[PDB]
């Protein structure tokens, strides 16, 4: 069992990115992991200080399951899975293409853009709202990249006990 939460004060006001999301094992707050949401019409996980702890179950992110769970994906199957894997490989914090440094982004801005790039595929939603031109440039690079991804990178899905809340995803390497 995991809890998922937003860390509303993680980034400064100028990054316009409060909904930085993490998951944590309920049996251990020694470690937390960065994750990204999908199904944006649902509610974000509650803030870390909330008296409401939003619980999640992890599941292997197969193409079939991912597509089934996405409410309005832009593409389906392997293409949806691989498109998202690549965004994460190229986004915060993997940064495989050096996009962060190229556009002189802060950590918060880069993570925000990675989230927006995920939504482009999972939710058919490319939001440019409140972005600077360099952020728009970075986001467009991120969503249009076609670099090869490592062959052993896989998707983890996190499904909330309560369907009111957003689904979450992360990646890992099979070693």
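Numbering follows the first chain given and starts at 1.
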Going by the entry, of stretches 166 to 174 and 4 to 12 the one with greater average Cα B-factor is 166 to 174
Comparing 133 to 141 with 115 to 123, the higher average Cα temperature factor in the PDB entry belongs to 133 to 141
In this crystal structure's PDB entry, the residue among 34, 55, 65, 52 with the greatest CA B factor is 65
So, residue 48's CA B-factor, relative to its chain, sits in which third? The lowest
Assert third(CA B-factor, residue 109) within chain per record equals lowest
On the chain's distribution of Cα B-factors, residue 161 falls within the third called middle
So, residue 19's CA B-factor, relative to its chain, sits in which third? The lowest
